[PDB]
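One structure below.
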Amino acid sequence: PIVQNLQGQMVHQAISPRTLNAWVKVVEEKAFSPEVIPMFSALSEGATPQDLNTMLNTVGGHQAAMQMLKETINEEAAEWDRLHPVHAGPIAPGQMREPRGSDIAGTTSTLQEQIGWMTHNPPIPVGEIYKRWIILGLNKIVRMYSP
Amino acid sequence: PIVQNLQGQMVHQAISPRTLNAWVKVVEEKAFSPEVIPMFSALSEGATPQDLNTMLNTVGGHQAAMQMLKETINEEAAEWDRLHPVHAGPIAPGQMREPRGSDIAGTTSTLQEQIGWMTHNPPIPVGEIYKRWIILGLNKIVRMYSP
Amino acid sequence: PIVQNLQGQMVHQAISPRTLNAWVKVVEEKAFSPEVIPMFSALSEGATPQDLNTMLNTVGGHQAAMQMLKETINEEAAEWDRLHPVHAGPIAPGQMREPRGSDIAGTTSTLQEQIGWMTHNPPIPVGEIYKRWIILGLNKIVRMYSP
Amino acid sequence: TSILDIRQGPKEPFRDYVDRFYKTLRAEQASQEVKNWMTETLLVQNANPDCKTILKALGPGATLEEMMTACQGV
Amino acid sequence: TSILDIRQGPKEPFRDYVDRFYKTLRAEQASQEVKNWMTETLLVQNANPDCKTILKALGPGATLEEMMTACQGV
Amino acid sequence: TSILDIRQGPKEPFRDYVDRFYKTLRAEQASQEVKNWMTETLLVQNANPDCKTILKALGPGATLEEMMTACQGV
């Protein structure tokens with residue numbers, strides 16, 4: 001995640017193993033139950049896309065759901081690209097590039113790039129955009145997996 | 001929560017997973033027992049409304065009680081709005097807006113807004129107002145759930 | 001509790017959940033056994049009255065004993081008020097008020113007030129006065145609960 | 001399971017049923033007004049005859065502690 | 001369970017009963033004066049005949065360690 | 001249980017008895033001088049005849065390792 005250091009700057013720090021394991025354990029115990037979404041939300045505080053793929057990729061089991069989510073993440077990403085067209089002409093030397101759906105999904109962007117966008121002024125909340133897609137896709141799952 | 005930093009200022013820091021889990025475990029083990037209220041009170045030390053909805057939303061089970069509480073929180077909030085009318089004329093540029101029942105419930109306010117009110121001079125104790133509503137609603141529950 | 005910060009001042013910090021739980025677990029396991037008193041004493045290091053009511057209020061079970069203790073705490077408090085009369089005339093603007101039995105029991109005092117008394121110069125050890133009442137009342141219990 | 005499929009048993013305490021209701025209601029995502037409509041309507045409708053009878057005597061305006069204490073012996 | 005429903009068994013030690021009493025008293029939220037009234041009154045009243053007899057001999061002014069040691073053999 | 005009620009069985013090892021003694025002595029709160037008096041006095045007095053006999057042969061001035069090794073075969 002990207003956290004604020006004592007000095008008063010935003011720097012990246014790694015997520016903790018008993019945080020990781022707590023994510024694992026939630027999924028083990030409460031599967032598709034709604035409490036998973038606030039839980040997720042708390043444990044995703046200050047998290048990167050990269051950390052969010054890590055969390056999704058580290059799941060075991062419920063592979064039908066994991067595939068449905070993936071496909072929702074790509075749909076929501078396809079929709080990001082649709083709604084926000086690429087911008088006019090070449091990229092400025094003085095500036096950094098606008099993200100695509102795949103940069104938001106973490107796929108085409110690097111960590112330093114993910115830190116550029118979030119730490120820069122104005123900052124862009126690529127975590128929160130992926131977060132809604134995850135929560136939206138979580139609703140899809142919850143609604144389906146209701147019996 | 002909003003905690004005091006080493007530098008000598010009040011800054012927000014996130015609540016801990018084994019704190020979260022301790023909240024979960026209390027509810028699992030002691031359900032509606034009275035010891036839940038001091039316990040709550042200790043674990044709610046320096047907590048935001050936002051953190052208090054997080055704690056309430058992360059409950060599983062006892063949904064009749066959770067609904068009774070919600071409805072108590074809204075009643076107590078409706079009562080806040082009744083007792084404290086909105087103030088005269090437009091909001092000053094130099095000042096920040098007075099809260100409503102829904103800002104106290106965390107619903108209409110943002111975190112930075114919740115930090116403005118509490119950290120500002122004079123500070124307003126919107127946690128402690130929600131806390132009484134929670135404790136009051138906890139009495140309602142305890143009294144009902146006595147057999 | 002009120003602890004010393006790195007900067008070299010005495011500031012309040014909250015007590016830890018696995019400290020709380022360790023207090024719970026002691027009581028669960030060793031009930032009225034004498035080892036409870038040194039144990040208490042260690043875990044009460046640097047503790048406030050407020051934290052001491054928290055610890056007493058968070059007990060479950062042994063309610064006859066909990067009532068006997070309460071009644072000992074009030075007796076010892078009544079005795080504090082008896083032995084130390086209120087002082088001559090109005091309270092000075094330059095000074096802060098002397099405690100009563102109920103301020104020592106934490107009841108009539110606020111946290112900031114409890115921090116004023118302890119951190120101020122000379123400091124007054126309102127923890128240690130309540131601590132003796134707790135230990136005294138612990139002797140009463142231990143002696144009774146011997147079989 | 002759908003919210004319409006939530007019903008009270010012939011021997012099931014109302015209480016255990018009301019818990020099931022706000023759990024399933026907890027997985028419904030509809031507007032609050034619709035969920036209010038579901039509350040006053042569906043809960044009583046799928047309640048058992050013995051309690052149903054009881055709840056009809058509370059009239060309208062009733063709140064959950066009073067419903068929950070009203071159908072306790074049933 | 002209501003505080004009036006708290007009573008001492010015919011073979012139940014007083015001690016186990018007094019624990020039950022201040023647990024239920026712990027779930028009553030009434031003014032202290034009323035709770036004092038409950039203490040001196042209801043506790044003895046729902047105490048069993050053998051201990052009840054014992055407690056009548058302690059007279060008034062009695063405190064919990066003396067009541068608790070008084071009904072120990074019963 | 002009172003300290004006077006602590007006594008050694010006819011088949012009970014002294015050792016198991018001495019443990020019981022300083023546990024109960026651990027719940028006595030009396031002055032150290034009184035507790036010294038209890039140590040030299042009550043321990044031997046409620047000790048069983050076979051070990052009691054043994055302990056009389058150690059004489060006075062004896063310490064706990066020597067008492068504890070003295071009554072081991074008994």
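Ordered as shown in the structure tokens, chains take letters A, B, and onward, while each chain numbers its residues from 1 and ligands are numbered from 1 in the order shown.
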
Where does chain C meet chain B within 9 Å, residue by residue, with the nearest atom pair and distance in Å to one decimal for each, counting only C-alpha atoms, listed by chain and rising number, as a tab-separated table?
```
residue	atom	partner	partner_atom	distance
C:5	CA	B:6	CA	7.7
C:6	CA	B:6	CA	7.8
C:7	CA	B:6	CA	7.6
C:14	CA	B:45	CA	7.8
C:15	CA	B:42	CA	8.6
C:16	CA	B:19	CA	8.9
C:17	CA	B:19	CA	6.6
C:18	CA	B:18	CA	8.9
C:51	CA	B:42	CA	8.8
C:54	CA	B:38	CA	6.4
C:55	CA	B:38	CA	8.9
C:57	CA	B:38	CA	6.5
C:58	CA	B:35	CA	5.4
C:59	CA	B:35	CA	7.1
C:60	CA	B:35	CA	7.0
```

I need the chosen residues saved as a PDB file, in the first residue's frame, with C-alpha atoms.
```pdb
ATOM      1  CA  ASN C   5       6.381   9.492  25.128  1.00  0.00           C
ATOM      2  CA  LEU C   6       9.646   9.527  23.251  1.00  0.00           C
ATOM      3  CA  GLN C   7       9.720  13.453  23.346  1.00  0.00           C
ATOM      4  CA  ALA C  14      -5.033   3.440  25.210  1.00  0.00           C
ATOM      5  CA  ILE C  15      -4.694  -0.058  26.722  1.00  0.00           C
ATOM      6  CA  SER C  16      -4.093  -2.940  24.315  1.00  0.00           C
ATOM      7  CA  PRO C  17      -6.780  -5.642  23.303  1.00  0.00           C
ATOM      8  CA  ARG C  18      -4.420  -8.594  24.116  1.00  0.00           C
ATOM      9  CA  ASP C  51      -9.140   2.166  33.034  1.00  0.00           C
ATOM     10  CA  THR C  54     -13.210  -0.510  32.596  1.00  0.00           C
ATOM     11  CA  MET C  55     -11.393  -3.613  33.917  1.00  0.00           C
ATOM     12  CA  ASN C  57     -16.997  -3.411  34.521  1.00  0.00           C
ATOM     13  CA  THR C  58     -15.784  -5.834  31.857  1.00  0.00           C
ATOM     14  CA  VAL C  59     -15.931  -8.793  34.346  1.00  0.00           C
ATOM     15  CA  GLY C  60     -18.478 -11.594  33.705  1.00  0.00           C
TER      16      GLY C  60
END
```

Could you find all residues in stretch 23-140 of chain B that DSSP calls helix (DSSP H, G or I) from the backbone, and write them as a PDB file with C-alpha atoms, in the first residue's frame?
```pdb
ATOM      1  CA  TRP B  23     -14.858  -6.738  18.071  1.00  0.00           C
ATOM      2  CA  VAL B  24     -16.073  -9.658  16.032  1.00  0.00           C
ATOM      3  CA  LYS B  25     -15.160 -12.242  18.663  1.00  0.00           C
ATOM      4  CA  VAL B  26     -16.911 -10.319  21.523  1.00  0.00           C
ATOM      5  CA  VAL B  27     -20.136 -10.378  19.510  1.00  0.00           C
ATOM      6  CA  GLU B  28     -19.696 -14.004  18.652  1.00  0.00           C
ATOM      7  CA  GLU B  29     -19.142 -15.037  22.233  1.00  0.00           C
ATOM      8  CA  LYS B  30     -21.234 -12.771  24.467  1.00  0.00           C
ATOM      9  CA  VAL B  36     -20.618  -5.931  25.558  1.00  0.00           C
ATOM     10  CA  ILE B  37     -21.291  -2.171  26.400  1.00  0.00           C
ATOM     11  CA  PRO B  38     -18.055  -1.308  28.432  1.00  0.00           C
ATOM     12  CA  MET B  39     -16.237  -3.517  25.932  1.00  0.00           C
ATOM     13  CA  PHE B  40     -17.635  -1.504  23.012  1.00  0.00           C
ATOM     14  CA  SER B  41     -16.843   1.715  24.850  1.00  0.00           C
ATOM     15  CA  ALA B  42     -13.141   0.820  25.302  1.00  0.00           C
ATOM     16  CA  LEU B  43     -12.755  -0.365  21.668  1.00  0.00           C
ATOM     17  CA  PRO B  49     -18.711   7.691  12.886  1.00  0.00           C
ATOM     18  CA  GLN B  50     -17.311   6.137   9.853  1.00  0.00           C
ATOM     19  CA  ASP B  51     -15.526   3.557  12.049  1.00  0.00           C
ATOM     20  CA  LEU B  52     -18.678   3.030  14.103  1.00  0.00           C
ATOM     21  CA  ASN B  53     -20.723   2.235  10.828  1.00  0.00           C
ATOM     22  CA  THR B  54     -17.894  -0.127   9.870  1.00  0.00           C
ATOM     23  CA  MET B  55     -18.222  -1.981  13.207  1.00  0.00           C
ATOM     24  CA  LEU B  56     -22.122  -2.168  12.850  1.00  0.00           C
ATOM     25  CA  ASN B  57     -22.003  -3.145   9.185  1.00  0.00           C
ATOM     26  CA  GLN B  63     -30.462  -9.256  12.290  1.00  0.00           C
ATOM     27  CA  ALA B  64     -33.579  -8.513  14.159  1.00  0.00           C
ATOM     28  CA  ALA B  65     -31.489  -6.650  16.727  1.00  0.00           C
ATOM     29  CA  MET B  66     -29.370  -5.031  14.019  1.00  0.00           C
ATOM     30  CA  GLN B  67     -32.494  -3.697  12.390  1.00  0.00           C
ATOM     31  CA  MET B  68     -33.879  -2.466  15.830  1.00  0.00           C
ATOM     32  CA  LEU B  69     -30.618  -0.638  16.378  1.00  0.00           C
ATOM     33  CA  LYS B  70     -30.656   0.979  12.934  1.00  0.00           C
ATOM     34  CA  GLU B  71     -34.122   2.233  13.478  1.00  0.00           C
ATOM     35  CA  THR B  72     -33.045   3.594  16.987  1.00  0.00           C
ATOM     36  CA  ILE B  73     -30.010   5.273  15.351  1.00  0.00           C
ATOM     37  CA  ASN B  74     -32.381   7.014  12.782  1.00  0.00           C
ATOM     38  CA  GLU B  75     -34.842   7.904  15.576  1.00  0.00           C
ATOM     39  CA  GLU B  76     -32.117   9.433  17.694  1.00  0.00           C
ATOM     40  CA  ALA B  77     -30.750  11.163  14.519  1.00  0.00           C
ATOM     41  CA  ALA B  78     -34.359  12.504  13.651  1.00  0.00           C
ATOM     42  CA  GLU B  79     -34.425  13.792  17.201  1.00  0.00           C
ATOM     43  CA  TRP B  80     -31.016  15.501  16.665  1.00  0.00           C
ATOM     44  CA  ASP B  81     -32.396  17.387  13.728  1.00  0.00           C
ATOM     45  CA  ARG B  82     -35.572  18.307  15.554  1.00  0.00           C
ATOM     46  CA  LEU B  83     -33.786  19.681  18.700  1.00  0.00           C
ATOM     47  CA  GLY B 101     -28.276  13.730  12.494  1.00  0.00           C
ATOM     48  CA  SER B 102     -27.034  12.062   9.315  1.00  0.00           C
ATOM     49  CA  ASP B 103     -23.548  13.738   9.603  1.00  0.00           C
ATOM     50  CA  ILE B 104     -23.426  12.294  13.164  1.00  0.00           C
ATOM     51  CA  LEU B 111     -13.939  11.616   6.770  1.00  0.00           C
ATOM     52  CA  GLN B 112     -12.154  14.840   6.263  1.00  0.00           C
ATOM     53  CA  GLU B 113     -15.328  16.541   7.367  1.00  0.00           C
ATOM     54  CA  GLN B 114     -15.493  14.248  10.478  1.00  0.00           C
ATOM     55  CA  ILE B 115     -11.802  15.160  11.224  1.00  0.00           C
ATOM     56  CA  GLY B 116     -12.643  18.975  10.674  1.00  0.00           C
ATOM     57  CA  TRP B 117     -15.302  19.009  13.389  1.00  0.00           C
ATOM     58  CA  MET B 118     -13.392  16.929  16.006  1.00  0.00           C
ATOM     59  CA  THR B 119      -9.895  18.540  15.437  1.00  0.00           C
ATOM     60  CA  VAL B 126     -20.097  13.773  17.231  1.00  0.00           C
ATOM     61  CA  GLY B 127     -18.565  10.341  18.321  1.00  0.00           C
ATOM     62  CA  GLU B 128     -19.912  10.825  21.815  1.00  0.00           C
ATOM     63  CA  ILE B 129     -23.397  11.768  20.490  1.00  0.00           C
ATOM     64  CA  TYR B 130     -23.518   8.664  18.290  1.00  0.00           C
ATOM     65  CA  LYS B 131     -22.026   6.669  21.230  1.00  0.00           C
ATOM     66  CA  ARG B 132     -24.972   7.569  23.516  1.00  0.00           C
ATOM     67  CA  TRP B 133     -27.430   6.526  20.716  1.00  0.00           C
ATOM     68  CA  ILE B 134     -25.552   3.222  20.443  1.00  0.00           C
ATOM     69  CA  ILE B 135     -25.507   2.755  24.195  1.00  0.00           C
ATOM     70  CA  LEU B 136     -29.232   3.771  24.442  1.00  0.00           C
ATOM     71  CA  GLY B 137     -30.098   1.380  21.643  1.00  0.00           C
ATOM     72  CA  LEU B 138     -27.920  -1.220  23.417  1.00  0.00           C
ATOM     73  CA  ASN B 139     -30.103  -0.804  26.546  1.00  0.00           C
ATOM     74  CA  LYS B 140     -33.224  -1.356  24.357  1.00  0.00           C
TER      75      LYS B 140
END
```

Kindly give the distance, in Å, that separates atom CA of residue F:15 and atom CA of residue F:67, rounded to a single decimal.
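Separation of atom CA of residue F:15 and atom CA of residue F:67: 9.3 Å.
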
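Non-sequential neighbours of stretch 2-4 of chain E (distance at most 10 Å, separation of 2 or more positions within a chain, only C-alpha atoms) are residues 143, 146 and 147 of chain B; 6, 7, 20, 21, 22, 23, 24, 25, 27, 28, 38, 42, 43 and 46 of chain E.
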
Give me a file of those residues, with C-alpha atoms, as a compact mmCIF listing (two decimals), in the first residue's frame.
```
# COMPACT_ATOMS: atom_id res chain seq x y z
CA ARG B 143 -33.90 -5.18 27.99
CA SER B 146 -33.49 -10.53 28.65
CA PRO B 147 -35.64 -13.75 28.92
CA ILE E 6 -35.17 -15.07 40.65
CA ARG E 7 -35.68 -17.46 43.65
CA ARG E 20 -27.82 -15.03 40.14
CA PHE E 21 -29.35 -12.03 41.89
CA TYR E 22 -26.59 -9.51 41.23
CA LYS E 23 -26.28 -10.80 37.62
CA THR E 24 -30.00 -10.06 37.00
CA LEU E 25 -29.69 -6.84 39.15
CA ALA E 27 -29.37 -6.15 33.86
CA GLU E 28 -31.70 -3.86 35.73
CA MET E 38 -34.63 -4.52 45.85
CA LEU E 42 -36.41 -9.28 47.31
CA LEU E 43 -33.21 -11.24 48.09
CA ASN E 46 -37.14 -15.38 47.67
```

Between atom CA of residue E:34 and atom CA of residue E:17, what is the spacing in Å?
20.1 Å

Smallest atom-to-atom distance to chain C: which of F:16, F:37, F:11, F:30, using only C-alpha atoms?
F:30

Report, in Å with one decimal, the straight-line distance from atom CA of residue E:56 to atom CA of residue E:39.
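These two atoms are separated by 14.8 Å.
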